[PDB]
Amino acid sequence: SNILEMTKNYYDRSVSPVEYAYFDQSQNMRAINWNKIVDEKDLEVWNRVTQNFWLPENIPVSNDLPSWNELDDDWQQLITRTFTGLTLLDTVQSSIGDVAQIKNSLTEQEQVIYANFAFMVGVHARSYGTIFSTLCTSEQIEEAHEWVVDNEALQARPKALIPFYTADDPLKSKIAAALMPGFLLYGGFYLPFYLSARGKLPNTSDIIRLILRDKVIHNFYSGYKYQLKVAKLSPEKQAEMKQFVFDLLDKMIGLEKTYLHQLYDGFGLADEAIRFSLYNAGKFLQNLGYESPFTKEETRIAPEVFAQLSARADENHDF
């Protein structure tokens, strides 16, 4: 009789609206409570991603015109194709992937953070448009859209992830949501960093660094939430989900290698791009609480390219 409550906590006898909408219409709904935070990590991530708000209009991409004009039509086509491919992946994640995470949230604040992620990946997709508007002809832009629609190897990658977003397994959906910012775009990000290391398109690489400042947090956060949810499963179910993660990454690496060999055909950059990709595949696995199986030889990045990748985003570009 010593521990009887005079009133029962509202939180434990109500559900978030998204729970009510998709899972259980038997309880009443609670408003989000930002005054009593369940997980302090949510507040840290919310504060970082909102403080990091930026728009591509902030970057003087016009200052890349001299170095753009030092690249032949084949290079300009490769860049337009690569970036239109990255635009497709960001369109997938903004319109499907990140918003699909909201209903599977462990906390109230996580629901709002994934809304931020979906919006900011939309800004990432929009930023390629800003670059194209400054550097590319109408013909180059149209050709790259045609090439992306008609590239089966390119299309195979988002087609492999989308079913996990639309299905009812929240852990498989979460793994897909981590794999996109954690892995799938790095083969393309290699190209601007390779070029900027050789003195070309420095302002473009500034936009890539603003995109990556967001992507690394998206990857970290989805991996963090995956680890909390998978830890509640039986040992057998945890082993099954680990096998699924490695099986899906295995498939996605195969599809990425096939695509990058086609994309970089005639440039000989596929092997360098793939090593850069696998370095990031290792960090993706580490963010899900697993060990990287990749050899030093397989993940070797030129220091000049690593310097572009690791350079901190220019705060002058912050909103």
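C-alpha atoms forming the largest set that superposes within 1.5 Å between two forms make up the rigid core. One rule holds for the numbers: they count along the sequence shown, beginning at 1.
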RMS Cα shift after core superposition in 8 other deposited structures of this protein, winner of 251-259 and 289-297: 289-297
Stretch with larger C-alpha RMS deviation in 8 other deposited structures of this protein, core superposed, 42-50 versus 264-272: 264-272
Across other compared entries, residue 317 missing in at least a third: yes
Stretch exceeding the other in mean C-alpha B-factor - 234-242, 139-147: 234-242
Higher-scoring stretch by recorded Cα B factor average, 211-219 or 166-174: 166-174
Per the PDB entry, maximal CA B factor within 52, 63, 258, 33: 63
CA B-factor placement of residue 263, once the chain's modelled residues are sorted into thirds: middle
Lowest, middle or highest third - CA B-factor, residue 279: middle
Among modelled residues of the same chain, the CA temperature factor third for residue 290: highest
Ranked against its chain, the third holding the CA B-factor of residue 227: middle
Residue 204 by Cα B-factor - lowest, middle or highest third of the modelled chain: middle
